[PDB]
**Q** 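For reference, the structure I am asking about is given below.
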Protein chains: 2
Amino acid sequence: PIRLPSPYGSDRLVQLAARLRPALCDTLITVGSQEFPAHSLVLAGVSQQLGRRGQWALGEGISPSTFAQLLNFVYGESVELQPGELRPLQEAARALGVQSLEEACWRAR
Amino acid sequence: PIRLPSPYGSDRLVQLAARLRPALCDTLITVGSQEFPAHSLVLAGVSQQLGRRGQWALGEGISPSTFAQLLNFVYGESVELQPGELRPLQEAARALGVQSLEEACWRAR
């Protein structure tokens with residue numbers, strides 16, 4: 001597999017938030033049928049577009065499998081991917097403004 | 001005046017939260033008549049006791065003036081105090097479990 005290192009694994013509050021979730025989560029992002037709790041503050045720290053509270057639906061041909069990988073990256077976990085998973089992740093990171101992930105994907109390609 | 005340096009002034013997410021507030025705040029702490037918005041996640045990072053979402057009232061003979069100083073410290077601002085303000089701040093930090101502030105107060109005394 002391909003491994004993408006996350007530059008967020010050593011922010012002390014991001015670490016704490018990763019251990020807590022779903023506790024204290026104020027955001028619920030909905031992807032087709034699947035539900036993802038998150039901390040609006042953590043999201044704001046990586047992308048102004050994503051820093052919003054409450055429930056909302058993501059609709060742009062982004063799969064739950066791809067969104068789960070983007071969300072782990074944001075919470076400081078390295079991501080490990082199969083070959084055909086890189087391009088959909090890059091496209092999701094572009095559309096949602098997560099610049100650090102977009103560039104990691106384009107590097108591994 | 002006496003100055004207490006805060007050890008939180010360089011956590012990148014705490015800095016961002018300090019610039020945002022009251023935006024994205026999920027907690028409202030009520031002190032007599034006065035209202036203080038906060039991020040439950042930031043509070044959890046300094047004291048397990050304070051890491052809770054929603055509205056709640058603080059009642060323990062803690063003044064709004066003293067609570068405002070404790071909250072600024074938690075968000076990374078140094079605090080500047082008059083002589084008779086140190087002991088009430090120390091007592092508030094003891095009761096709410098903010099250990100870093102309790103010890104800074106006892107040092108300046």
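We use all heavy atoms of the structure for the numbers below, so side chains are in, but hydrogens, waters and symmetry mates are not. Just so we're on the same page: letters track the sequence lines, and every chain starts at 1.
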**Q** Answer yes when B/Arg12 and A/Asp11 have at least one side-chain N-carboxylate O distance shorter than 4.0 Å, and no when they do not.
**A**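 Salt bridge flag = yes for A/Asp11 with B/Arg12.
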
**Q** With a 4.5 Å heavy-atom cut-off, do A/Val42 and B/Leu41 have their side chains touching?
**A**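 Contact flag for A/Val42/B/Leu41 side chains = yes.
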
**Q** Quick check: is B/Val31 connected to B/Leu28 through a chain of hydrophobic side chains (ILVMFWY, heavy atoms under 4.5 Å apart)?
**A**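 B/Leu28 and B/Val31: separate clusters.
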
**Q** If you measure from CG on B/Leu24 to OG1 on A/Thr27, what distance do you get to the nearest 0.5 Å?
**A**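 So the CG of B/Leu24 and the OG1 of A/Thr27 are separated by 7.5 Å.
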
**Q** Measuring from atom CG of A/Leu13 to atom CG of B/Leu16, what distance do you get when rounded to the nearest 0.5 angstrom?
**A**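 The CG atom of B/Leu16 is 10.5 Å from CG of A/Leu13, to the nearest 0.5 Å.
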
**Q** Which residues pass the side chain to side chain donor-acceptor pair (under 3.5 Å) test with A/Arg107, sequence neighbours left out?
**A**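 In terms of side chain to side chain donor-acceptor pair (under 3.5 Å), with neighbours along the sequence ignored, A/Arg107 is linked to no residue.
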
**Q** Return yes when atom CZ of B/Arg52 has more than 12 non-hydrogen atoms of other residues, nucleotides or ligands closer than 6.0 Å, and no otherwise.
**A**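 More than 12 within 6.0 Å, yes.
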
**Q** Quick check: are there more than 12 heavy atoms from other residues, nucleotides or ligands sitting under 6.0 Å from CD of A/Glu103?
**A**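 Yes.
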
